[PDB]
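Reading through the structure tokens given below for one structure.
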Amino acid sequence: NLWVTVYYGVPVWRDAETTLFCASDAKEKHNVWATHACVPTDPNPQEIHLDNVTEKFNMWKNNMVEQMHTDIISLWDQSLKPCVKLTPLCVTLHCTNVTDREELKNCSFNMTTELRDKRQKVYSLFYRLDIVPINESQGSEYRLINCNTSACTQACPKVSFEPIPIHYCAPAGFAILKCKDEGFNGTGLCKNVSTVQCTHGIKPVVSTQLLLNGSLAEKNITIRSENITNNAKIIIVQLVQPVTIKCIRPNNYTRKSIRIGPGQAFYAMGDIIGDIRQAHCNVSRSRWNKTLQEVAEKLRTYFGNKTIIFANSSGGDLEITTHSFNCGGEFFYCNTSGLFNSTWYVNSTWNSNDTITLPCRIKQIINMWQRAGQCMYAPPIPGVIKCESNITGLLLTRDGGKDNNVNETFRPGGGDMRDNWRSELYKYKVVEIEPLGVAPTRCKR
Amino acid sequence: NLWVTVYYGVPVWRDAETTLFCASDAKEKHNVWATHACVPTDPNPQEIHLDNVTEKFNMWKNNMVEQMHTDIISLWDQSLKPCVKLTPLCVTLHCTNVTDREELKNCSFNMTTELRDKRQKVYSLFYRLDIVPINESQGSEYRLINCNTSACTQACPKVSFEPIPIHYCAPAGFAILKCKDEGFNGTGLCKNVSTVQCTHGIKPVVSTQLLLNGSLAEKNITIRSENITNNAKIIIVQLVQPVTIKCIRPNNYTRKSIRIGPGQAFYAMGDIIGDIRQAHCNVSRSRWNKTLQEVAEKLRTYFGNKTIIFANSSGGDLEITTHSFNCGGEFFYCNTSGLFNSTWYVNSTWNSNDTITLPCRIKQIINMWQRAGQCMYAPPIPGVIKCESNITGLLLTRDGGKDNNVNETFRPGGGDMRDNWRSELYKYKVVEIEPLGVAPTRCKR
Amino acid sequence: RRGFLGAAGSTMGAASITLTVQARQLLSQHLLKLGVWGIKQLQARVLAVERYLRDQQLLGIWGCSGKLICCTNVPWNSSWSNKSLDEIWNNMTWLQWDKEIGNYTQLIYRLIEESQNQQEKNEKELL
Amino acid sequence: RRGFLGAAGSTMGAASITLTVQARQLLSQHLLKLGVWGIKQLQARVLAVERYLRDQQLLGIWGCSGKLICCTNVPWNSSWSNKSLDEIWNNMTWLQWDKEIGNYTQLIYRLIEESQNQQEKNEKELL
Amino acid sequence: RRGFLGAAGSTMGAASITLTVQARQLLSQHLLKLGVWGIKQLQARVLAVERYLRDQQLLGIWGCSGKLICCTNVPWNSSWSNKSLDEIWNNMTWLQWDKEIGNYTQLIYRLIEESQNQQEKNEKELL
Ligand SMILES: *[C@@H]1O[C@H](CO)[C@@H](O[C@@H]2O[C@H](CO)[C@@H](O[C@@H]3O[C@H](CO[C@H]4O[C@H](CO)[C@@H](O)[C@H](O)[C@@H]4O)[C@@H](O)[C@H](O[C@H]4O[C@H](CO)[C@@H](O)[C@H](O)[C@@H]4O)[C@@H]3O)[C@H](O)[C@H]2NC(C)=O)[C@H](O)[C@H]1NC(C)=O
Ligand SMILES: *[C@@H]1O[C@H](CO)[C@@H](O[C@@H]2O[C@H](CO)[C@@H](O[C@@H]3O[C@H](CO[C@H]4O[C@H](CO)[C@@H](O)[C@H](O)[C@@H]4O)[C@@H](O)[C@H](O[C@H]4O[C@H](CO)[C@@H](O)[C@H](O)[C@@H]4O)[C@@H]3O)[C@H](O)[C@H]2NC(C)=O)[C@H](O)[C@H]1NC(C)=O
Ligand SMILES: *[C@@H]1O[C@H](CO)[C@@H](O[C@@H]2O[C@H](CO)[C@@H](O[C@@H]3O[C@H](CO[C@H]4O[C@H](CO[C@H]5O[C@H](CO)[C@@H](O)[C@H](O)[C@@H]5O)[C@@H](O)[C@H](O)[C@@H]4O)[C@@H](O)[C@H](O)[C@@H]3O)[C@H](O)[C@H]2NC(C)=O)[C@H](O)[C@H]1NC(C)=O
Ligand SMILES: *[C@@H]1O[C@H](CO)[C@@H](O[C@@H]2O[C@H](CO)[C@@H](O[C@@H]3O[C@H](CO[C@H]4O[C@H](CO[C@H]5O[C@H](CO)[C@@H](O)[C@H](O)[C@@H]5O)[C@@H](O)[C@H](O)[C@@H]4O)[C@@H](O)[C@H](O)[C@@H]3O)[C@H](O)[C@H]2NC(C)=O)[C@H](O)[C@H]1NC(C)=O
Ligand SMILES: *[C@@H]1O[C@H](CO)[C@@H](O[C@@H]2O[C@H](CO)[C@@H](O)[C@H](O)[C@H]2NC(C)=O)[C@H](O)[C@H]1NC(C)=O
Ligand SMILES: *[C@@H]1O[C@H](CO)[C@@H](O[C@@H]2O[C@H](CO)[C@@H](O)[C@H](O)[C@H]2NC(C)=O)[C@H](O)[C@H]1NC(C)=O
Ligand SMILES: *[C@@H]1O[C@H](CO)[C@@H](O[C@@H]2O[C@H](CO)[C@@H](O)[C@H](O)[C@H]2NC(C)=O)[C@H](O)[C@H]1NC(C)=O
Ligand SMILES: *[C@@H]1O[C@H](CO)[C@@H](O[C@@H]2O[C@H](CO)[C@@H](O)[C@H](O)[C@H]2NC(C)=O)[C@H](O)[C@H]1NC(C)=O
Ligand SMILES: *[C@@H]1O[C@H](CO)[C@@H](O[C@@H]2O[C@H](CO)[C@@H](O)[C@H](O)[C@H]2NC(C)=O)[C@H](O)[C@H]1NC(C)=O
Ligand SMILES: *[C@@H]1O[C@H](CO)[C@@H](O[C@@H]2O[C@H](CO)[C@@H](O)[C@H](O)[C@H]2NC(C)=O)[C@H](O)[C@H]1NC(C)=O
Ligand SMILES: *[C@@H]1O[C@H](CO)[C@@H](O[C@@H]2O[C@H](CO)[C@@H](O)[C@H](O)[C@H]2NC(C)=O)[C@H](O)[C@H]1NC(C)=O
Ligand SMILES: *[C@@H]1O[C@H](CO)[C@@H](O[C@@H]2O[C@H](CO)[C@@H](O)[C@H](O)[C@H]2NC(C)=O)[C@H](O)[C@H]1NC(C)=O
Ligand SMILES: *[C@@H]1O[C@H](CO)[C@@H](O)[C@H](O)[C@H]1NC(C)=O
Ligand SMILES: *[C@@H]1O[C@H](CO)[C@@H](O)[C@H](O)[C@H]1NC(C)=O
Ligand SMILES: *[C@@H]1O[C@H](CO)[C@@H](O)[C@H](O)[C@H]1NC(C)=O
Ligand SMILES: *[C@@H]1O[C@H](CO)[C@@H](O)[C@H](O)[C@H]1NC(C)=O
Ligand SMILES: *[C@@H]1O[C@H](CO)[C@@H](O)[C@H](O)[C@H]1NC(C)=O
Ligand SMILES: *[C@@H]1O[C@H](CO)[C@@H](O)[C@H](O)[C@H]1NC(C)=O
Ligand SMILES: *[C@@H]1O[C@H](CO)[C@@H](O)[C@H](O)[C@H]1NC(C)=O
Ligand SMILES: *[C@@H]1O[C@H](CO)[C@@H](O)[C@H](O)[C@H]1NC(C)=O
Ligand SMILES: *[C@@H]1O[C@H](CO)[C@@H](O)[C@H](O)[C@H]1NC(C)=O
Ligand SMILES: *[C@@H]1O[C@H](CO)[C@@H](O)[C@H](O)[C@H]1NC(C)=O
Ligand SMILES: *[C@@H]1O[C@H](CO)[C@@H](O)[C@H](O)[C@H]1NC(C)=O
Ligand SMILES: *[C@@H]1O[C@H](CO)[C@@H](O)[C@H](O)[C@H]1NC(C)=O
């Protein structure tokens with residue numbers, strides 16, 4: 001006969017959910033992500049390739065993207081908790097034009113001081129986007145935006161917004177399965193599986209309509225979507241060639257600090273050196289629209305021989321209608337209409353610098369995670385700032401037309417913030433290993 | 001042949017770092033150290049003597065002194081968190097002399113109240129050290145010191161600053177090694193080692209230039225320093241005979257409570273009963289100048305036939321230039337120039353009461369750990385207060401001479417706050433025991 | 001010699017020679033700030049210990065503690081699986097076997113528990 | 001009979017008589033305020049459990065769980081230490097020997113693993 | 001078959017047949033908010049692990065790990081209890097016996113330690 005035997009350490013697993021902890025090369029100026037407070041990453045992480053193994057992956061039903069979203073939001077609130085809260089800034093502002101160039105406003109207002117029995121009159125420039133008119137005095141009285149919803153917290157100037165890579169590790173007794181299949185679209189059975197204890201360096205680069213400093217495709221422009229035929233689902237496309245984009249804030253402001261209360265001060269922009277200049281972003285036209293042809297032809301495989309048309313975002317909030325990012329301190333808002341403006345036929349070919357210039361707007365009062373209230377005030381960075389980014393992906397949205405036409409339009413959709421993390425975690429899935437196994441054998445001989 | 005065998009519970013160890021937890025005879029009024037919240041100490045703590053064992057100790061590279069410093073600071077902040085924050089006290093103060101005797105100032109100022117639509121004018125005495133003039137108006141219109149840096153938190157009157165002993169215990173699987181060598185200078189190989197799970201009663205008595213209520217030397221006056229020849233290193237000397245010091249606050253003030261806001265009040269000193277009197281500290285001259293000779297001759301061993309000279313501090317902050325301590329509620333600042341004022345030759349002998357009187361200053365606004373901001377306001381203690389302390393050690397600093405002189409000058413140096421803890425933890429070190437051992441033997445017979 | 005979990009694709013007969021590599025990795029700053037990252041690490045550390053003890057306690061009651069492989073007195077009921085002893089060990093893998101016995105895993109666990117307990121009291125406790 | 005860790009100075013042969021006194025002390029208010037002191041105690045308790053399990057799991061895989069002393073199949077390689085048996089068990093102490101095998105401690109740990117795993121699969125798992 | 005702790009009223013001889021049912025229940029959202037309820041659950045989970053390891057470590061040093069019943073070399077001293085072997089196993093229950101040996105429970109626990117360590121050194125450690 002046969003007897004039942006139990007095995008310990010069997011190599012099996014199941015889908016599960018667990019509390020993943022951070023891991024990074026600790027070392028120094030703190031950052032908003034508090035990476036210095038997590039476990040230090042190992043110098044030679046182990047990665048094992050599972051031979052003969054095939055596993056099913058679902059980037060849209062993954063829990064890592066959802067768990068990471070909560071952690072990023074929690075860290076953002078934790079970093080802003082000890083900083084000064086700008087509650088006295090909600091005062092009547094008297095603004096005038098700076099001595100289009102109406103992007104800035106020279107506002108003057110009353111303010112408190114360390115002495116409770118004394119006040120002070122100060123002045124400081126303010127971007128027009130972060131100002132709302134009261135309308136009682138028409139065009140000479142204003143107030144800070146979102147002042148009627150919550151008091152924004154000034155970001156601590158000692159912490160930087162640099163998105164250093166952070167590795168997501170699983171606790172003992174669990175593992176992170178990695179898919180090494182070439183050109184995997186993020187869904188289905190992976191024919192080349194691998195395992196690792198921690199994910200690669202994930203840079204929490206917050207962006208909209210364009211993935212910056214993200215991973216690059218291996219051999220071909222990959223497209224991902226849970227239902228490509230659907231209209232409400234966002235389309236994630238990964239590029240193979242990183243399209244370099246150079247942004248700059250030519251204005252040279254003078255940072256001025258005013259003590260609004262005992263032991264706390266408010267930082268604002270003083271006068272501008274030189275003259276006003278519009279912020280913008282440059283990108284090579286030859287290399288940029290060349291990728292559009294490759295992106296268009298790749299998209300053509302999912303829609304027959306129809307032509308591909310790129311149009312600017314329909315309209316709505318500034319966060320979703322403009323390419324938002326951050327040059328390590330200043331939040332940009334650039335109009336991508338100069339990029340997604342073309343039509344590509346089935347035989348169309350793209351065929352000097354001629355760099356495309358994208359005008360950009362800047363805001364100080366910002367809501368990162370589209371939450372009501374909980375706003376943050378970004379202090380100004382002194383001097384001119386420049387940041388170069390690697391465009392490795394795009395967030396597209398398909399219009400919901402009749403679809404019987406000979407063409408189909410695509411728009412740069414902001415989607416959800418989770419899409420930024422999902423573009424990097426599509427290759428991972430957490431599983432719970434079951435070391436206990438049971439199998440029969442002719443034992444007791 | 002020989003086979004490898006593993007032993008569990010082997011008596012070996014290694015240097016390590018761990019999270020030590022408190023232990024005391026908890027039982028009642030609370031204290032700033034929150035001793036009631038830690039584990040209760042055992043009634044008969046076990047101590048074992050390691051025969052034939054010798055271990056290396058390094059009081060300067062020990063981690064317990066650093067870990068204790070963080071815990072003491074953390075407890076100090078934790079106790080001040082639920083107390084009222086004196087933010088409305090930052091107002092212009094109109095002061096006049098009390099009806100040298102200019103140590104106090106009778107100040108009058110406006111203040112808030114429970115009714116937000118009402119204000120109140122109050123008055124209260126303030127020490128000249130805790131007040132700074134605005135300089136815009138002479139002879140009046142003063143402001144609290146450190147008001148332009150942070151809002152001090154009023155110490156809760158329900159918690160006392162009594163430094164009850166606290167025992168530092170190690171987690172299971174670790175142990176504390178005690179050095180029982182007679183007259184150990186704190187560094188080197190200890191020829192008489194012992195082990196214990198928890199340290200003796202450590203009293204967090206914060207003091208400067210003099211160690212109060214600390215441990216006493218066993219047989220001879222011990223001197224400790226990482227590099228005695230280094231002029232930039234503090235010198236710790238332990239006395240064998242405790243030098244009693246009697247301090248007193250003869251002023252009899254009347255405590256008055258004024259409600260600055262809903263459910264919170266501010267305590268301050270009212271008028272003085274009788275007349276103004278200077279606070280001071282007494283110490284026997286015969287017993288005090290006797291120990292200096294013993295301290296001088298002991299120091300002479302490290303400098304040849306050179307003579308020893310004692311001089312007051314070379315100026316600086318009041319915390320480091322004066323002997324700071326606390327009579328359980330009032331922070332004293334006594335000048336030690338009357339003590340470290342003498343010269344001792346190679347043959348010099350010290351040879352009635354004649355008690356030495358040390359004038360002292362008192363402050364309410366204080367910064368215990370030399371941190372910017374995070375100040376605290378000590379409420380006044382009603383009635384006359386007296387506290388007797390046991391001087392068991394001194395913190396000395398040697399001037400950077402040319403080395404060719406026939407004498408050596410020493411100054412009472414404040415050093416670092418960690419020196420106070422290091423004077424008591426020099427005899428301990430934490431080690432991690434490795435119960436798993438491996439050794440060969442002719443087994444399998 | 002593959003690394004951790006590298007024998008997941010090999011057959012059951014060949015995957016059992018690396019059991020120690022997976023069993024060893026079931027449990028692999030002194031201070032803790034208890035922040036966002038600290039809280040997650042604390043839960044991960046506690047969760048790891050519980051998972052290890054959850055499976056270790058079963059081996060303890062089963063009388064197989066300290067053994068990577070052990071045979072019990074519970075006979076193999078063909079109703080659970082009719083696979084032959086050859087294809088099950090030399091052709092099929094553990095991952096495919098986990099989904100077949102998952103329906104009867106709980107019943108087998110209880111059977112092994114009472115079998116060991118009865119045998120323990122039968123041999124020991126003479127009177 | 002000395003207390004805990006009292007046999008640290010005795011020779012190797014005389015130190016093995018007190019193994020239980022050190023093994024028993026590896027783990028020796030119901031509510032928790034989670035304050036400054038509470039957080040430290042919580043970490044200490046968790047750290048102590050991990051340290052105990054870290055060394056206990058090694059004995060489990062090695063097949064020596066529940067045994068204070070056990071002999072394995074790994075022969076003693078003279079390269080690790082060429083000293084005789086009489087001077088090691090009757091003249092030297094554990095502390096001096098720890099710093100000699102520390103270099104080869106990791107290799108010996110791994111060697112004892114497959115040496116036990118292979119024996120398990122060789123004796124058990126008849127087919 | 002009674003449930004958990006159902007054999008508390010049965011005699012000693014009949015209560016020992018269900019040891020596994022009580023031994024199995026000694027340890028029986030992934031995220032944690034660390035709130036009022038979260039803190040209590042965290043302490044409860046940690047306390048459960050400590051309690052399990054507290055009793056498990058005793059069996060480890062005693063050499064009975066992985067065994068529900070085990071016999072040691074310590075003879076039964078009549079001073080602890082002079083009751084006969086029949087009435088104790090067939091008439092008295094575990095609850096009534098617990099309050100009798102509570103005075104000598106710690107002494108018996110210590111007596112089992114060297115009784116096992118001495119045996120280990122006598123059988124093992126040939127030289
Ligand atoms: C995608 O990834 C790229 C590449 O990493 C990012 O580009 C970098 O962006 C960071 C900011 O996010 C830039 O860093 C800043 O650069 C400035 C210039 O540095 C030069 O000058 C300094 C002396 O002033 C030299 O030491 C240095 O070597 C350079 O020659 C500095 O003004 C900034 O300093 C600030 O930070 C440091 C560190 O915290 C502080 O000590 C300073 O006080 C100050 O606050 C800063 O270092 C970096 O230069 C960019 N690199 C390039 C190649 O352009 C993109 O930002 C990223 N994209 C997105 C969207 O995240
Ligand atoms: C070095 O160590 C010495 C010896 O321990 C310390 O000296 C003691 O200092 C404490 C304060 O830190 C003194 O305690 C206070 O004494 C006052 C007088 O107490 C007398 O009267 C009461 C009532 O009749 C008697 O029970 C008592 O025996 C004395 O006869 C009181 O005003 C204080 O009580 C009030 O405050 C405490 C704490 O807030 C409350 O619990 C009480 O309810 C009450 O409100 C208090 O007891 C003590 O008297 C000092 N002893 C001596 C011998 O002088 C040094 O302070 C210490 N040095 C340093 C630098 O830390
Ligand atoms: C936003 O709007 C604010 C005002 O609301 C602008 O700030 C002011 O800008 C004006 C110019 O537009 C500044 O006035 C100019 O300052 C120059 C520097 O003056 C230097 O000399 C002075 C010598 O003292 C005499 O003059 C002063 C008055 O200025 C008297 O008080 C003295 O008694 C003496 O008579 C110094 O005081 C001064 O510090 C300099 O050394 C000069 O070119 C001009 O004569 C003119 O006065 C004015 O100072 C600014 N005010 C403040 C508070 O900053 C701001 O620029 C606007 N921003 C933008 C972007 O448009
Ligand atoms: C700091 O500076 C402050 C002032 O800024 C000083 O405080 C004042 O000190 C003066 C002088 O000591 C006090 O005035 C004195 O009070 C004595 C006691 O009063 C007696 O009469 C009271 C009733 O009469 C008063 O009230 C009625 C109305 O109800 C009026 O008509 C009267 O005119 C009186 O105001 C009784 O209640 C009380 O029990 C007594 O019988 C008295 O000896 C003197 O006549 C004199 O007025 C004054 O009250 C203090 N003010 C406050 C607010 O406390 C303070 O002492 C200074 N401190 C130091 C250390 O110098
Ligand atoms: C699974 O995917 C990986 C992706 O890295 C392939 O890796 C091979 O790695 C070696 C060593 O770096 C390279 O020289 C090979 O060129 C890689 N192969 C390819 C096809 O690019 C691995 O080969 C894949 N495995 C299978 C079975 O297809
Ligand atoms: C991603 O690739 C998978 C296959 O690896 C695609 O899944 C197939 O989708 C077609 C759509 O017509 C179905 O007929 C097949 O049955 C699907 N196969 C499986 C195994 O599910 C999936 O559609 C791809 N997604 C995208 C966005 O391209
Ligand atoms: C993807 O979405 C499409 C629609 O965008 C689904 O296909 C049909 O959608 C219509 C409505 O437009 C429904 O009435 C039909 O029932 C859908 N077809 C079926 C077979 O259900 C499609 O089902 C979605 N899912 C996939 C996997 O393609
Ligand atoms: C931004 O403005 C500041 C302030 O004018 C410039 O800093 C000065 O640069 C000059 C260049 O010759 C130096 O001589 C000065 O010492 C700098 N400091 C000051 C206080 O004047 C800075 O160069 C400007 N930056 C740019 C990019 O134009
Ligand atoms: C190690 O130091 C200790 C310190 O206590 C010495 O303790 C002896 O303790 C007994 C009992 O209290 C005293 O009577 C002795 O006088 C102490 N000895 C001395 C020299 O003071 C212990 O003797 C020291 N051990 C060695 C080996 O020197
Ligand atoms: C404490 O005692 C030790 C010896 O027990 C002293 O160690 C000496 O340190 C100096 C530093 O320059 C070395 O040159 C000597 O060689 C050391 N001596 C020995 C015997 O190792 C140490 O200096 C003493 N410290 C004090 C402050 O007196
Ligand atoms: C301790 O301090 C002494 C000086 O007090 C150091 O010895 C020399 O000090 C001079 C300056 O006085 C330096 O220029 C030499 O470089 C020092 N010598 C050496 C060899 O570095 C001494 O090094 C310090 N450290 C110790 C451990 O004694
Ligand atoms: C400090 O001054 C107060 C207020 O005068 C004195 O309090 C005395 O307390 C007793 C308690 O029974 C009362 O009966 C008296 O009326 C109060 N006043 C006087 C003048 O005695 C307190 O005694 C004073 N303390 C000192 C040390 O002088
Ligand atoms: C699994 O991979 C191994 C290693 O290459 C190979 O020997 C074996 O034949 C493969 N098995 C299958 C079923 O593909
Ligand atoms: C961009 O697209 C246009 C229109 O299709 C094409 O003629 C051109 O070659 C592309 N490249 C550049 C650099 O303009
Ligand atoms: C898109 O482009 C059209 C044409 O230039 C413009 O009118 C519209 O405002 C643009 N929309 C956005 C969101 O920029
Ligand atoms: C985007 O750019 C186009 C072309 O310059 C312009 O017509 C449109 O108004 C812009 N939209 C915004 C929001 O600035
Ligand atoms: C490509 O085909 C379209 C029709 O589909 C035609 O209009 C266009 O001129 C062609 N381009 C060429 C031949 O270059
Ligand atoms: C160690 O101390 C013991 C106990 O006194 C003694 O018997 C033994 O000889 C000592 N060994 C050495 C090497 O000093
Ligand atoms: C220790 O003190 C004694 C007097 O008790 C003294 O004679 C001796 O010299 C001192 N020894 C040292 C090493 O300082
Ligand atoms: C030490 O004190 C005594 C007693 O007051 C005094 O006679 C002696 O002169 C003092 N020492 C010196 C050197 O002043
Ligand atoms: C001691 O030395 C000092 C300094 O050289 C000298 O003035 C004094 O007379 C000496 N006296 C004795 C008693 O040796
Ligand atoms: C075997 O399994 C079948 C199906 O569940 C069941 O009816 C039968 O009683 C089992 N036999 C034994 C001996 O457990
Ligand atoms: C013994 O150790 C030496 C030195 O590391 C090594 O070369 C040799 O292979 C080892 N022998 C065995 C049998 O492990
Ligand atoms: C039995 O117990 C009695 C009473 O405590 C004691 O005196 C006696 O020594 C014990 N005998 C043994 C063998 O332990």
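Letters A, B, ... mark the chains of the structure tokens in the order given; residue numbers begin at 1 per chain; ligand numbers begin at 1, in order shown.
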
**Request:** From a DSSP pass on the backbone, collect the residues of range 66-123 of chain C flagged as strand (DSSP E or B) and hand them back as a ChimeraX atom specification.
**Result:** /C:69-75

**Message:** With 12 Å as the limit and counting only C-alpha atoms, what residues in chain D lie close to chain E? Please list them as a ChimeraX atom specification.
**Reply:** /D:1,12-35,38-39,41-50,52-53,56,59-60,64-72,84-90

**Message:** Would you pick out the contacts of residue 324 in chain A at 9 Å or less, using only C-alpha atoms, so that residues sharing its chain but fewer than 3 positions from it are not included, and give the list as a VMD selection string?
**Reply:** chain A and resid 206 to 210 318 to 321 331 to 334

**Prompt:** Once you count only C-alpha atoms and all ligand atoms, which residues end up within 9 Å of ligand 10, and could you hand them over as number ranges by chain?
**Reply:** B: 184-190, 222-229, 235-236, 302

**Item:** Env. residues ligand 3 / 12 Å / only C-alpha atoms and all ligand atoms / as a PyMOL selection string
**Value:** chain A and resi 94-99+101-109+120-127+251-254+256+269-276
